[PDB]
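K.L.:
Residue numbers (full-length UniProt numbering), protein chains in the order written: chain A, 1 to 409; chain B, 1 to 146. Below you will find the structure I want to go over with you.
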Amino acid sequence: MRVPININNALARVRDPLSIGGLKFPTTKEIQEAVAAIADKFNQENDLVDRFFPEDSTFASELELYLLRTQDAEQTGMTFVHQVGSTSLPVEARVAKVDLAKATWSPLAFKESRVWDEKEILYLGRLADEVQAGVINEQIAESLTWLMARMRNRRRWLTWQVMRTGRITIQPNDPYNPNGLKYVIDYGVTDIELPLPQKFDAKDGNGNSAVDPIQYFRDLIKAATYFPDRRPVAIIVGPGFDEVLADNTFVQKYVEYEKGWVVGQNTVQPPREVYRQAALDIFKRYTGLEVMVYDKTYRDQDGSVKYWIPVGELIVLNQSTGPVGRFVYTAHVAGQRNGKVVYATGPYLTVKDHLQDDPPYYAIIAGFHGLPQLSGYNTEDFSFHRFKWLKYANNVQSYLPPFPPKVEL
Amino acid sequence: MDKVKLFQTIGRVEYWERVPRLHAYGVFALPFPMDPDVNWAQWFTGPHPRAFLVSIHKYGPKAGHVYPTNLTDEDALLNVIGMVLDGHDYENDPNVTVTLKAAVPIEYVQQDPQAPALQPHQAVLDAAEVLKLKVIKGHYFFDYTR
């Protein structure tokens, strides 16, 4: 939403009309003009999650899944012993069992509105130019585009909320909830977080560390051997992560093992920068976890830049890098194509003319129906180990350059 | 928790084999009227396989009707005639096939309907001589024809 101004006329009409104050006669002068654009460059959209939840859509509202399981009696037993010349004796009785199960899914709803009264539609001119009444026509298009982006933000918000906490939680204390509709949609992620009592950047005494990250992911892979779906593959960590590998004791000892840089005999001491320029590579080589990076930022209400992946935390994917289910829309109402109601599926946007009514007004309404769904579940147990979080360090902001303030002028 | 309910078990069906008898010993069965007074639907409840000793009315108004043997009354102990191996539906037939001469394990003789299955009932063993069941192994032996 820009100010309705013409920059050329406004930039020309500041120059003084008469203003002989200095020399008691008008002086000679030269004037150059230039405009400036001001924006916050560091408020980038959360592009990560749309790569991971694709968009399908069903006309029906609810989704249920039925799982038939079957346990059969395996061929147990041992053949009976007897003397030759005897009779024969019968075997015992065996047992097989059959169970079922039931899933349940149900969408949500979203809608919001605008309005423009008569004084706003009739009176709107540019701020310096002198034009007709034709500015509110250009002004409603920005509100149309803003409602479109405002719906994409709820798609990405729901999908980020389910990747962040497993459940998605709405409550009346929230900023963008006037209705106050409380929701706990527990998607049933089994172990959402990984335990670290002592974090990776935790040092006791004199430079000695506390835990070991490469060995931590090594025995996660080892202790998820016979669960072939808990065995991690990739990491997506945003901020400066090489420094946490470069300052702790054990990964420094692994870099010094690899490059042979014993401090008294081979070389004096390598700098910390030479550590961090290869610590991630030796980490990736000794584990095999392909680490992705995702360092986009959002300007929150503090005025302080924060990353999308919070500093000190890294996500862990547990079986593969791919779509973790999908985000699925449901159907809304579109009115009577022939004589009977025929629906539509995507996010809709409706315009309403009331320019004939008393007083004339004009309202645009957009919204949608939908909710994310986690497709692939475990079969024999009903678990879901696909993504996990862990908080790895506490002081990562000190490893980062500072951020500029927002220009409020 | 609210908009999405997860998996939850609805049904459970288990299925067993039958009550095994000895091939070498022989089977002999004669069908009998079921005594309508005793609650027969209690005796055929569970999916576990069982078998239960049956005594016949010698006389009275219900002479010929057979009922599950009560181990307290001697006039119900002496006139025992056999034991129903398989299982039966009293809601469709008042005429069960009582087996007279067979050889069934101790594990599968349960004289009470609430007695635990797959476990030897003790009062049948402590009344093994009155009921003329000879125990030589696990497997019982009975010939109520002779």
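The C-beta atom is built at its ideal place from N, Cα and C for all residues, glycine as well.
With residue 69 of chain B and residue 54 of chain B assumed to form a contact (beta carbons below 8 Å), what rounded beta-carbon distance in angstroms separates them?
P.N.:
Taking a contact as a CB-CB distance under 8 Å, the pair residue 69 of chain B and residue 54 of chain B counts as one, their CB atoms being some 6 Å apart.
K.L.:
Using a Cβ-Cβ distance cut-off of 7 Å, determine whether residue 372 of chain A contacts chain B.
P.N.:
no
K.L.:
Of all the residues that make up the stretch 298-320 of chain A, which are near chain B by a beta-carbon distance shorter than 7 Å?
P.N.:
none
K.L.:
When you compare each of A/330, A/211, A/254 and A/360 to residue 348 of chain A by their alpha carbons, which one comes out closest?
P.N.:
Measuring from the Cα of residue 348 of chain A, the nearest candidate turns out to be A/330.
K.L.:
Return helix, strand or coil for residue 391 of chain A, following the three-state DSSP convention.
P.N.:
strand
K.L.:
In chain B, which residues lie less than 7 Å from residue 106 of chain A when you measure between Cβ atoms?
P.N.:
3 and 4
K.L.:
Drop a sphere of 10 angstroms on the beta-carbon of residue 369 of chain A, count the other beta-carbons inside from all chains shown, and report buried for 16 or more, exposed for fewer.
P.N.:
Taking a 10 Å sphere around the C-beta of residue 369 of chain A, we find 16 or more other C-beta atoms and assign the residue as buried.
K.L.:
Taking 7 Å as the threshold (beta carbon to beta carbon), is residue 185 of chain A in contact with chain B?
P.N.:
Chain B contact via Cβ: present.
K.L.:
Using a 10 Å radius around the Cβ and a threshold of 16 neighbouring Cβ atoms, would you call residue 206 of chain A buried or exposed?
P.N.:
exposed
K.L.:
Relative to the C-alpha of residue 245 of chain A, which candidate in A/5, A/401 and A/272 has its C-alpha closest?
P.N.:
Nearest of A/5, A/401 and A/272 to residue 245 of chain A, Cα basis: A/272.
K.L.:
Could you check the C-alpha separation between residue 2 of chain A and residue 361 of chain A for me, to the nearest Å?
P.N.:
22 Å
K.L.:
Since I believe residue 11 of chain B is in contact with residue 100 of chain A (beta carbons under 8 Å), could you give me their beta-carbon distance rounded to a whole number of angstroms?
P.N.:
5 Å
K.L.:
Which residue or residues does DSSP assign as beta-bridge partners of residue 34 of chain B?
P.N.:
For residue 34 of chain B, which the question treats as bridged, DSSP gives the partners B/66.
K.L.:
Please say whether residue 21 of chain B and residue 104 of chain B have beta carbons closer to each other than 7 Å?
P.N.:
yes
K.L.:
Which residues in chain B sit within 7 Å of residue 98 of chain A, going by Cβ to Cβ distance?
P.N.:
13
K.L.:
Could you tell me how far apart the beta carbons of residue 186 of chain A and residue 167 of chain A are, in whole angstroms, since I believe they sit closer than 8 Å?
P.N.:
5 Å
K.L.:
Is the Cβ-Cβ distance between residue 200 of chain A and residue 343 of chain A less than 7 Å?
P.N.:
No; because the gap between Cβ atoms is not below 7 Å, this pair is not in contact.
K.L.:
Determine, for residue 387 of chain A, whether the minimum Cβ-Cβ distance to residues of chain B falls below 7 Å.
P.N.:
Chain B, which has no Cβ nearer than 7 Å to the Cβ of residue 387 of chain A, makes this no.
K.L.:
Run the CB neighbour count on residue 49 of chain B, radius 10 Å, all protein chains shown included, and call it buried at 16 or more, exposed below.
P.N.:
buried
K.L.:
Could one say the Cβ of residue 95 of chain A lies closer than 7 Å to chain B's Cβ atoms, at least one of them?
P.N.:
yes
K.L.:
Under the rule that 16 or more other beta-carbon atoms within 10 Å means buried, what is residue 56 of chain B, buried or exposed?
P.N.:
buried
K.L.:
When you compare only the Cα positions, how much space is there between residue 114 of chain B and residue 80 of chain B?
P.N.:
21 Å
K.L.:
Can you check which of these residues, A/153, A/177, A/291 and A/276, is closest to residue 49 of chain A by C-alpha distance?
P.N.:
Out of A/153, A/177, A/291 and A/276, the CA that lies nearest to the CA of residue 49 of chain A is found in A/153.
K.L.:
How big is the Cα-Cα spacing for residue 38 of chain A and residue 337 of chain A?
P.N.:
47 Å
K.L.:
How long is the line joining the alpha carbons of residue 121 of chain B and residue 94 of chain A, rounded to whole angstroms?
P.N.:
20 Å
K.L.:
Name the chain A residues whose beta carbon is nearer than 8 Å to that of residue 49 of chain B?
P.N.:
93
K.L.:
State buried or exposed for residue 82 of chain A, treating a residue as buried only when at least 16 other CB atoms are found within 10 Å of its CB.
P.N.:
exposed
K.L.:
Of all the CB atoms in chain B, is at least one closer than 7 Å to the CB of residue 169 of chain A?
P.N.:
no
K.L.:
Please name the residue, chosen from A/229, A/148, A/25 and A/197, that lies closest to residue 384 of chain A on a Cα-to-Cα basis.
P.N.:
A/229
K.L.:
Any idea what DSSP makes of residue 51 of chain B, helix, strand or coil?
P.N.:
Coil.
K.L.:
Might you give, ordered along the chain, the residues of its own chain that have their beta carbon closer than 8 Å to the beta carbon of residue 409 of chain A, omitting 5 neighbours on each side?
P.N.:
Same-chain partners within the cutoff: 38.
K.L.:
Between the stretch 232-246 of chain A and the stretch 273-281 of chain A, are three or more C-beta pairs nearer than 8 Å?
P.N.:
Contact between the stretch 232-246 of chain A and the stretch 273-281 of chain A is present: three or more C-beta pairs spanning the two stretches fall below 8 Å.
K.L.:
Report the rounded CA-to-CA distance for residue 4 of chain A versus residue 290 of chain A, giving the unit in angstroms.
P.N.:
Straight-line measurement puts the Cα of residue 290 of chain A at about 49 Å from the Cα of residue 4 of chain A.
K.L.:
Going along the chain, which unbroken runs of the beta strand (DSSP E) with 3 or more residues stay wholly within the stretch 136-202 of chain A?
P.N.:
Here the runs fully enclosed are 168-170 and 183-185.
K.L.:
Kindly indicate which residue of B/72, B/40 and B/141 has the alpha-carbon position closest to the one of residue 92 of chain B.
P.N.:
Among B/72, B/40 and B/141, the Cα nearest to that of residue 92 of chain B is on B/40.
K.L.:
If you measure between the beta carbons of residue 98 of chain A and residue 70 of chain A, is that distance less than 7 Å?
P.N.:
yes
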